[PDB]
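Notes to accompany the following structure.
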Amino acid sequence: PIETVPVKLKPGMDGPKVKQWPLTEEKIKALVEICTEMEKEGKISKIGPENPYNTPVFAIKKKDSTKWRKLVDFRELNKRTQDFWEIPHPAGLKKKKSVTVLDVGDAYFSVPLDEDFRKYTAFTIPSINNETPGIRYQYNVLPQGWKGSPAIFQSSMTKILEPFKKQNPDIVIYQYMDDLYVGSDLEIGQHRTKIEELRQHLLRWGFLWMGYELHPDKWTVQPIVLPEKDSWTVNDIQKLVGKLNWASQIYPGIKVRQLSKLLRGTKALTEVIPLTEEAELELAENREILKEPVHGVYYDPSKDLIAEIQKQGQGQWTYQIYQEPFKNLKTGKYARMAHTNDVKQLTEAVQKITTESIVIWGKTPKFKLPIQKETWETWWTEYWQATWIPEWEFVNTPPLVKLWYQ
Amino acid sequence: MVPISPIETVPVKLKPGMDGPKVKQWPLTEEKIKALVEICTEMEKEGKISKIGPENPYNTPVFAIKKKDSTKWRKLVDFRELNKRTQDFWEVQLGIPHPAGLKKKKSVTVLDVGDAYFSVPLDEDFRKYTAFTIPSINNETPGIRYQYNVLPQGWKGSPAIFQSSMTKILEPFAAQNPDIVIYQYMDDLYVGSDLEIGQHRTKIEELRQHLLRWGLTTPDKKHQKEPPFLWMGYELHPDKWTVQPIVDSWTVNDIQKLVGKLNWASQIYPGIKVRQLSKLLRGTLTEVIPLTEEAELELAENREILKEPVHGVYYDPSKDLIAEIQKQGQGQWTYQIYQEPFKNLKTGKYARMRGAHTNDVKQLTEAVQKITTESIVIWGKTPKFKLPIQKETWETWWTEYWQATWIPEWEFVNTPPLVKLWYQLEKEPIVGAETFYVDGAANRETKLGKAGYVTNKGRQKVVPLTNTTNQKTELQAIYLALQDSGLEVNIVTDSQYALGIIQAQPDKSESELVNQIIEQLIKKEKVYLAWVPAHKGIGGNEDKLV
Ligand SMILES: C=CC(=O)N(C)CCOc1cc(Cl)ccc1Oc1cc(Cl)cc(C#N)c1
C-alpha cells in the first residue's frame, strides 16, 4: 500500500494557477473547521511561497444535511492531468429500471500521492478584505474531484466490491469521480434493499449515507408534436408552418406548401381558416414523419457533448444534448411547482442534465446556459451540490426556437 | 547570550533549463569603489554576506548611489538578470484591504518590520546565484567576490519569503491573545484591540519580544505613527477614514491617468462622474482633446464636489449592511453602502457595458451583482438592497425575460428616476386589431430597397430607400406599421433579425431606427409581434423587392 502510484501532467504543461474567488464569511468559517482536521489527519499540509500553484475551493451543503462540505474546482488540473490511460461504458446502466448514486470518494483519502505532484493540488482558504494572507495548502492523499482519483483507485475498488456482483450478476455498477452509480432491474423494494446491503459491504473495507433514486425516461428524444384542432385561425397556421419549417432541418421530407397556400392573402390573424383537403392531407403525412425517430444519429466518444437549455416559464425548462446540430442524442423537460429564484432552478437543471449524461455516456457535457455570465458567476456556487462541475458558456441572443421545444 | 530560534529556509530553485546569470561588472569610479568596500566589510561583519572564491561563475553587477545631499553612499545590486531566471513564487498581496472593511477598535498600533527583511535567512543552496564583484582600483588587483546570506533587497524571492516566514512566527501569539487582532500587509503589522490603552500598550511589548525570540527588530518609542495613519493613499482616523487628497493643453496624460484618479475619489465622494472624458480617450498618446463644453459640465459637480471633504466610517458587524442605488442617466449608476443613514461605509459608480442596445432593468441587475461581489470581498456578506424599482416591475420583468436572472434580498426605495418597463408585447394575437404584414428588402449593390406593409383592411404602403441594407429595411417596415396603425396592432414579419432585437426588449439603442420603433411601442396600448418563415408565400409576404 505504501507505494504511491506515480503521476505526471501531459507533456509540456505547467500545473494550475487559478485565482481563488471571494467567499462569504460563513463559508470561510466552514472551510476553516474542515481544513483543520484534514491536516490533523495528514490529508493536507501547509506549504510556503516556493509553491505557485493554485486551484479554487469553496463550500457547499450536500443533500438534506446542514454539515458543510468542501469542493475544489479541479477543472483546470483535470485538463492538465495526464490522460491516465493506464472501462467501456456500462450501456446496461442506462436501461435499468432504477439506478442509485452512492458517494464513494469519502475513502479516496486513505491512499497517498506522488510526492512530486502534490504541488499541483494547491489551494488557499481566503480571508475577508485581504486582512490576512490566505491559508495555503496541498493534498498529501488522493483528493475528491480529481480526474486521477478514480483512475488510481479503480484497481483497489474492483477488489472492494468483488464479493458483491458475484452474488448479483444483474446489478450494473458504474463509477464517475466520487460517485458510484449502482443500477438494478429489480423492483423498488428489491433495489432499496440490495442498496442497504452494498452500503455496509463498503464499511468493512472502509458521506456514504447519502444516495439518489433515478429511473429512465420513456423517450430519449421526445417527439415533436403538432396541434390537433377542429378550427384553425391564421395565427394557428402561421405557427404550424413555422414549426414544420424548423422541423424540416431535422426531418427532411416535411412539406409545408399546401398549408402555406391557405395563408396567402392578408387575412386578419384571429380569423378562422377552413383547412382544404390538400392541406389536411399534408398535415397528416407530416405527422407520420414525426412519429419515427430521427434516423442515423450516432454517438461518437471522441466528440464533445453540447447541452442547450431554454427557460420556458412557470418553472419549466427544456433541454437538448447533441454533438452535431439537429441530431439530438437526448431531449427533455424539467419542471417544478424555488419559483422565486431563476438561478436556483437553472443550476439544479444543469446538475440533473449532467448526472443523466454520466449515466448514459459516462462523460459530462458542455452547457450553453440562457444566463448572463456575471449573474451566473455570482450565485451558482450557492446552489451547486454535486462533487463534479461541467464546463459552460453563455447564450446572449434569444433563440426563437424556444417555443418549438414547447 | 540567549539562543535565537532559527528561521527555516525556503527551498528555492531557478527556472528550468535556465542555469543562472553572468553579468559584466561595470567600470566604476575610484570614489564609488572606495565607498562600496566600506559597506561590504561592515556587512560581512554582520553575517549579511560572505566572501566567495574562484568557484562561482555567476556575476551580478553592483553600483553605488549617494543618498542625495546626505554624504553617506548606498550600494545597489541589479539582480534583474537573476530575477528573469529565478523561479515563480506565490504572491498573496494581490489586493489592498478596504478601510470600510475594518472594525472600529479602541486602540490600534502600527509596527514596521521592514528591517527584518535581512534578518531572514536564504536557502544556502541558492546563496550562489546572488554574487557580485567590486571593481578593484586601476584594475591591477583580483576583484573581490561576494554572495548574500539573507534575502537581498532586489531579489524577486525576497518579498514572498519574508511574508511566509513572518506569518509562521505570529500564529501562536495570536492564538493565545484572542483579545487582539493582528493584520499583516507587506513588511507592516497592524494590531488592534478594544482594550484599555494600558493593557493594549503592553501586549505590543509582548509581541516585540516574541519577534525578538526569532531575532526580528521592531520599534517601541517613536513607532506610534498615531492616527492619522497615512496608508495606501488613505487617511485613517480612529472614528473616520478618508482618501489622502491626491493629485488649455489637456494632454492625453490629463486623460490617461486622470481616469483612475477620479474613480479613486468616488469610493467615498458621492456623485463623481467620469464618463465624458473616457469617450475622449477614444482608441488613441499625446493630444489636447477638447472638453466638448459637455465634459466640463461634470467638473461643475466634480471640482465643486471635492470641496466639502467627505468621510466614511468603519464597519460594525452587529448592524445590518445596506446598499442603495441611483440611476444617473447615460448608463451611469451610483450606489452607497451604509449601516446608518448618511454614515456611509463607502460609495461607488457602475459603468454600463458596451451594448448595441440595452435596458435599465438589465443595467440595474449588473450593478447589483457588482455591488454584491465587492461587498463579499470587503465584509464577507451581501448587503440588503434599496432599489428604485417597484416590486411589480421586477416581477413582470424576470418572469417574462427569456434569460435566467436574480436579485438578492431587496426593497423598493422611491427616489426617482424609477426604473420601469417601457413597453410590453402581447402573448397572443389581438382580436379586433388591424393586422399589418410588413416586409423590407434591399439590393447588395445599389444599397437601394423598399420597405412597406399590406393589411387586412386594405391599407398599404411602400416607401423606397437609398443607401440601405436588408436589416435596415426589415426594421423600417415594422416602424412604418407602428406609425400608421392605431392603439392596438398585430404585426407579422419575416425578419428573424427584427425579432431578435425586440425579443431582447431594449429601451435605448445605438441605432436611431431602433429608438424610433421603441418610442413608437411606448405610445401603443397592445402590440402582438408574430414571426413567419420567409419565401414560403405566407399571407401578405412580399412589392418591397422591385
Ligand atoms: C481606532 C483606530 C483605527 O484606526 N481603527 C479602528 C481602524 C481599524 O483599524 C484596525 C482594525 C483592526 Cl480589527 C486591526 C487593525 C487595524 O488597524 C489598521 C488596519 C490596516 Cl489594514 C491598516 C492600518 C494602518 N496604518 C491599521
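A note on labels: chains of the C-alpha cells are A, B, ... as shown, every chain counts residues from 1, and ligands are counted from 1 in their shown order.
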
Enumerate residues in contact with ligand 1: an atom-to-atom distance of at most 6 Å, counting only C-alpha atoms and all ligand atoms. Format the result as a PyMOL selection string.
-> chain B and resi 97+102-108+110+181-183+190-192+229+231+236-238

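In plain terms, chain B touches chain A through residues 89, 90, 92, 97, 183, 376, 377, 378, 380, 381, 403, 404, 405, 435, 455, 456, 532, 533, 538, 539 and 540 of chain B, where touching means an atom at most 6 Å away, counting only C-alpha atoms.
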
Could you give me, as a ChimeraX atom specification, each residue of range 401-500 of chain B that DSSP assigns to strand (DSSP E) when run on this structure's backbone?
-> /B:410-412,434-442,449-455,460-465,488-493

Step one, run DSSP on the backbone; step two, keep only residues of range 166-310 of chain A assigned to alpha helix (DSSP H); then write them as a PyMOL selection string.
-> chain A and resi 188-205+234-250+257-261+277-291

Can you pull out every residue within 10 Å of residue 480 in chain B, counting only C-alpha atoms, but drop anything in the same chain fewer than 6 positions away, and send it as a PyMOL selection string?
-> chain B and resi 436+438+451-453+461-463+517+520

Next, write the just-selected residues to a file, as an mmCIF file, in the first residue's frame, keeping N, CA and C atoms as the atom set.
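What follows is the written file result.cif:
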data_model
loop_
_atom_site.group_PDB
_atom_site.id
_atom_site.type_symbol
_atom_site.label_atom_id
_atom_site.label_comp_id
_atom_site.auth_asym_id
_atom_site.auth_seq_id
_atom_site.Cartn_x
_atom_site.Cartn_y
_atom_site.Cartn_z
ATOM 1 N N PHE B 436 -51.017 44.105 -39.784
ATOM 2 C CA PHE B 436 -50.049 44.558 -40.780
ATOM 3 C C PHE B 436 -49.015 43.475 -41.116
ATOM 4 N N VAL B 438 -45.720 43.135 -42.805
ATOM 5 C CA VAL B 438 -44.668 44.066 -43.216
ATOM 6 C C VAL B 438 -43.560 43.292 -43.912
ATOM 7 N N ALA B 451 -39.454 49.311 -48.324
ATOM 8 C CA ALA B 451 -39.988 48.897 -47.032
ATOM 9 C C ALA B 451 -41.459 49.249 -47.043
ATOM 10 N N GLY B 452 -42.337 48.323 -46.662
ATOM 11 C CA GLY B 452 -43.747 48.670 -46.559
ATOM 12 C C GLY B 452 -44.587 47.577 -45.925
ATOM 13 N N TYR B 453 -45.910 47.728 -46.027
ATOM 14 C CA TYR B 453 -46.848 46.763 -45.451
ATOM 15 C C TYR B 453 -48.134 46.651 -46.273
ATOM 16 N N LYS B 461 -48.714 50.416 -47.976
ATOM 17 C CA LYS B 461 -47.679 51.419 -48.186
ATOM 18 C C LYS B 461 -46.383 50.738 -48.621
ATOM 19 N N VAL B 462 -45.649 51.403 -49.514
ATOM 20 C CA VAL B 462 -44.267 51.084 -49.848
ATOM 21 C C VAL B 462 -43.520 52.398 -49.968
ATOM 22 N N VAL B 463 -42.386 52.499 -49.300
ATOM 23 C CA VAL B 463 -41.512 53.658 -49.395
ATOM 24 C C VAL B 463 -40.223 53.152 -50.014
ATOM 25 N N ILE B 517 -38.616 53.005 -33.331
ATOM 26 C CA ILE B 517 -39.543 51.924 -33.052
ATOM 27 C C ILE B 517 -39.880 51.912 -31.567
ATOM 28 N N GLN B 520 -42.117 54.328 -30.661
ATOM 29 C CA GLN B 520 -43.483 54.055 -31.112
ATOM 30 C C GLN B 520 -44.169 53.040 -30.212
#

Find the residues near residue 174 in chain A: any atom within 9 Å, counting only C-alpha atoms, skip ones fewer than 4 places away on the same chain, and give them as a compact mmCIF listing (two decimals) with N, CA, C and O atoms, in the first residue's frame.
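Full text of selection29.txt as output:
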# COMPACT_ATOMS: atom_id res chain seq x y z
N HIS A 89 -18.30 1.96 -21.38
CA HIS A 89 -19.38 2.46 -20.55
C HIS A 89 -20.45 1.38 -20.36
O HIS A 89 -20.83 0.71 -21.32
N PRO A 90 -20.95 1.21 -19.15
CA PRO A 90 -22.00 0.21 -18.94
C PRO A 90 -23.30 0.67 -19.58
O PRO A 90 -24.10 1.36 -18.93
N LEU A 93 -26.37 0.18 -17.74
CA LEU A 93 -26.78 1.10 -16.68
C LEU A 93 -27.87 2.06 -17.12
O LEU A 93 -28.73 2.42 -16.30
N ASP A 179 -18.47 9.30 -7.17
CA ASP A 179 -19.83 8.78 -7.15
C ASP A 179 -19.84 7.37 -7.72
O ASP A 179 -19.18 7.09 -8.73
N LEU A 180 -20.58 6.49 -7.06
CA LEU A 180 -20.77 5.12 -7.52
C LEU A 180 -22.21 5.00 -7.95
O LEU A 180 -23.12 5.21 -7.14
N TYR A 181 -22.41 4.68 -9.22
CA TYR A 181 -23.74 4.56 -9.81
C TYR A 181 -24.09 3.07 -9.89
O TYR A 181 -23.58 2.35 -10.75
N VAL A 182 -24.96 2.62 -8.99
CA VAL A 182 -25.38 1.23 -8.94
C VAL A 182 -26.82 1.15 -9.45
O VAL A 182 -27.71 1.85 -8.95
N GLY A 183 -27.03 0.31 -10.46
CA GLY A 183 -28.33 0.19 -11.08
C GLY A 183 -28.83 -1.24 -11.09
O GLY A 183 -28.06 -2.19 -11.14
N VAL A 359 -24.81 8.96 -16.61
CA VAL A 359 -25.43 7.64 -16.67
C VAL A 359 -25.45 7.11 -18.10
O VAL A 359 -25.30 5.90 -18.31
N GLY A 362 -21.18 8.29 -19.69
CA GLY A 362 -20.03 8.43 -18.83
C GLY A 362 -19.09 9.55 -19.22
O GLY A 362 -17.87 9.39 -19.16

Excluding residue 164 in chain A and any residue of its chain fewer than 5 positions from it, enumerate the residues within 12 Å of it, using only C-alpha atoms, and give them as a list in words.
->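 Answer for this query is residues 157, 158, 159, 169, 170, 171, 172, 173, 182, 194, 195, 197, 198, 199, 200, 201 and 202 of chain A.
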
Could you turn the residues from that selection into a file that holds N, CA, C and O atoms, as a short mmCIF file (atom, residue, chain, number, x, y, z; two decimals), in the first residue's frame?
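Dumped to result26.cif:
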data_model
loop_
_atom_site.label_atom_id
_atom_site.label_comp_id
_atom_site.auth_asym_id
_atom_site.auth_seq_id
_atom_site.Cartn_x
_atom_site.Cartn_y
_atom_site.Cartn_z
N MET A 157 -10.60 -0.59 -5.94
CA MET A 157 -12.06 -0.54 -5.84
C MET A 157 -12.72 -1.78 -6.42
O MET A 157 -13.76 -2.22 -5.91
N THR A 158 -12.16 -2.34 -7.49
CA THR A 158 -12.72 -3.56 -8.07
C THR A 158 -12.60 -4.73 -7.11
O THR A 158 -13.51 -5.56 -7.01
N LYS A 159 -11.48 -4.82 -6.38
CA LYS A 159 -11.35 -5.80 -5.30
C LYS A 159 -12.26 -5.49 -4.11
O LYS A 159 -12.48 -6.38 -3.28
N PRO A 169 -25.15 -10.80 -10.39
CA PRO A 169 -24.61 -10.52 -11.73
C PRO A 169 -25.51 -9.65 -12.60
O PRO A 169 -25.18 -9.44 -13.78
N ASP A 170 -26.63 -9.15 -12.07
CA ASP A 170 -27.55 -8.28 -12.79
C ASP A 170 -27.33 -6.80 -12.47
O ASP A 170 -27.39 -5.97 -13.39
N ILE A 171 -27.11 -6.47 -11.20
CA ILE A 171 -26.94 -5.08 -10.77
C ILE A 171 -25.69 -4.49 -11.42
O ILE A 171 -24.56 -4.88 -11.11
N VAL A 172 -25.89 -3.51 -12.31
CA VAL A 172 -24.79 -2.87 -13.03
C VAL A 172 -24.20 -1.79 -12.14
O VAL A 172 -24.92 -0.93 -11.62
N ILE A 173 -22.88 -1.82 -11.98
CA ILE A 173 -22.15 -0.88 -11.14
C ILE A 173 -21.26 -0.01 -12.02
O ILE A 173 -20.48 -0.52 -12.83
N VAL A 182 -24.96 2.62 -8.99
CA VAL A 182 -25.38 1.23 -8.94
C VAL A 182 -26.82 1.15 -9.45
O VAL A 182 -27.71 1.85 -8.95
N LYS A 194 -31.08 -4.36 -1.69
CA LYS A 194 -29.73 -4.62 -2.19
C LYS A 194 -28.85 -3.38 -2.11
O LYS A 194 -27.62 -3.50 -2.15
N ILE A 195 -29.47 -2.20 -2.02
CA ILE A 195 -28.75 -0.96 -1.77
C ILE A 195 -28.15 -0.97 -0.36
O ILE A 195 -26.93 -0.88 -0.20
N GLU A 197 -27.53 -3.28 1.57
CA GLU A 197 -26.53 -4.34 1.68
C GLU A 197 -25.19 -3.91 1.11
O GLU A 197 -24.15 -4.08 1.76
N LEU A 198 -25.18 -3.35 -0.10
CA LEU A 198 -23.93 -2.85 -0.68
C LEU A 198 -23.37 -1.67 0.10
O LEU A 198 -22.21 -1.30 -0.11
N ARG A 199 -24.15 -1.07 1.01
CA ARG A 199 -23.65 0.02 1.84
C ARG A 199 -22.67 -0.50 2.89
O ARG A 199 -21.51 -0.09 2.93
N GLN A 200 -23.14 -1.42 3.75
CA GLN A 200 -22.28 -1.95 4.81
C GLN A 200 -21.13 -2.75 4.25
O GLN A 200 -20.04 -2.78 4.84
N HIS A 201 -21.33 -3.41 3.10
CA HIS A 201 -20.22 -4.06 2.41
C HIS A 201 -19.11 -3.06 2.08
O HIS A 201 -17.93 -3.44 2.00
N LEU A 202 -19.45 -1.77 1.91
CA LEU A 202 -18.42 -0.75 1.78
C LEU A 202 -17.75 -0.44 3.11
O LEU A 202 -16.56 -0.08 3.14
#

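If only C-alpha atoms are the atoms counted, then among A:120, A:176, A:68, A:322 the closest residue to residue 220 in chain A is A:322.
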
Leaving out residue 223 in chain B and any residue of its chain fewer than 6 positions from it, which residues lie within 9 Å of it when counting only C-alpha atoms, given as a PyMOL selection string?
-> chain B and resi 109-112

Take the residues that were just selected and, keeping N, CA, C and O atoms, output them as a compact mmCIF listing (two decimals), in the first residue's frame.
# COMPACT_ATOMS: atom_id res chain seq x y z
N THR B 109 -2.22 49.90 16.91
CA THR B 109 -0.78 50.14 16.80
C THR B 109 -0.23 49.63 15.48
O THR B 109 -0.60 48.54 15.03
N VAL B 110 0.68 50.39 14.88
CA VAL B 110 1.33 50.05 13.62
C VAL B 110 2.81 49.82 13.88
O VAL B 110 3.52 50.74 14.31
N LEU B 111 3.29 48.60 13.60
CA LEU B 111 4.68 48.21 13.80
C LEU B 111 5.33 47.97 12.46
O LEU B 111 4.88 47.11 11.70
N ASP B 112 6.41 48.70 12.18
CA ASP B 112 7.21 48.43 11.00
C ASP B 112 8.17 47.27 11.26
O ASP B 112 8.90 47.25 12.26

Surrounding residues of residue 251 in chain B excluding itself and chain neighbours under 3 positions, 7 Å, only C-alpha atoms, as a PyMOL selection string = chain B and resi 254-255+286-288

Quick one: write out the picked residues with C-alpha atoms as a short mmCIF file (atom, residue, chain, number, x, y, z; two decimals), in the first residue's frame?
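again.cif, freshly written:
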data_model
loop_
_atom_site.label_atom_id
_atom_site.label_comp_id
_atom_site.auth_asym_id
_atom_site.auth_seq_id
_atom_site.Cartn_x
_atom_site.Cartn_y
_atom_site.Cartn_z
CA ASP B 254 -4.57 64.64 -18.44
CA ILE B 255 -6.90 61.84 -19.66
CA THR B 286 -0.41 62.98 -26.85
CA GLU B 287 -3.23 65.40 -27.79
CA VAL B 288 -5.10 68.27 -26.07
#
